[PDB]
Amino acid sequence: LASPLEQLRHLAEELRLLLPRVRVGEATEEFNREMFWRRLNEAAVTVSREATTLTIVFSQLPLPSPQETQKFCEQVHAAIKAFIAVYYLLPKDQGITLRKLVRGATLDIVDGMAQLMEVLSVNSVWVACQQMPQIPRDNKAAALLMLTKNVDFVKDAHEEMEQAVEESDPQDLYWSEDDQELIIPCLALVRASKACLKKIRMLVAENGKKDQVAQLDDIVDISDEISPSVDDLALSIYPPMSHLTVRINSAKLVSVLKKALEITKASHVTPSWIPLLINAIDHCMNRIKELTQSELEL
């Protein structure tokens, strides 16, 4: 048996080896919605007990004997194994979005517990274990969550670019008057994007129905694209900003928003406001095409 601090080092290592495995995982007509969430919670509590136990113990001297450490390490692994096992009990059946969140929480826990084991060898885990009650328990709430995560991301991008522009002086690495002028539409387009996600969230909130696992997953899937579009768009705005690239990215975003809106209109979630959001969006893009025509002329 190795050193106690050495033994933990290996526990940590052995722990991270799971992350890849948990990312991709095997998984039912008889599925206990409530019995599931009960077991997972317990799983979590147990995990954090072990974290606490190890923490208090390896905080003081002398350290435990090598065999004592061996037991501790096992308890930790057992607690982790048991938790993952519960995760693996959740059927894709219940929602891809739902499963992603449980999966991510599961990984967070595993990774946290690994971080701590390293640290002890020389509060991610506890926080991670705290999360259990918070995480959604049906694909509707999961979708809602995912949607607000998007709204927020877009909102920040907006703010960043806006501050960015403001601070711009009242050669390269600069913004031209032309650059400045073309930024205006791009920014509204981003704002319209947020407007879109918020509209979608709202409709899902008001009309979404837990049963519609597939459609919820659908609306979420396309919704998620809005953010990287925006991200790509923003990144090309900053200098040196190629107008050609801005035009392309803008068009990508538009196509996305529209695809998002279209999928929402067909879902069980539909009502209107969508047509005039599309008016705003078209006007932005039209304005962007116009500010940028000389690039695509010959």
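Numbers follow the displayed sequence, beginning with 1.
Where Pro271 is followed by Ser272 in the displayed chain, the model omits 4 to 9 of the deposited residues that sit between the two.
In terms of unmodelled positions of the deposited sequence, the stretch from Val122 to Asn123 in this entry skips 10 or more residues. Looking at mean Cα B-factors across 48 to 56 and 61 to 69, the upper value is held by 61 to 69. Between 138 to 146 and 172 to 180, it is 172 to 180 that carries the larger average Cα temperature factor according to the deposited entry. Placement of the Cα temperature factor of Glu30 within the chain: highest third of the modelled residues, per the deposited record. Residue-level temperature factors show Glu206 in the highest third of its chain, judged at the C-alpha atom.
Compared with the other modelled residues of the chain, the Cα B-factor recorded for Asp108 ranks in the lowest third. When the modelled residues of the chain are ordered by C-alpha B-factor, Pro185 sits in the lowest third. Sort the modelled residues of the chain by CA B factor and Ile237 lands in the middle third.
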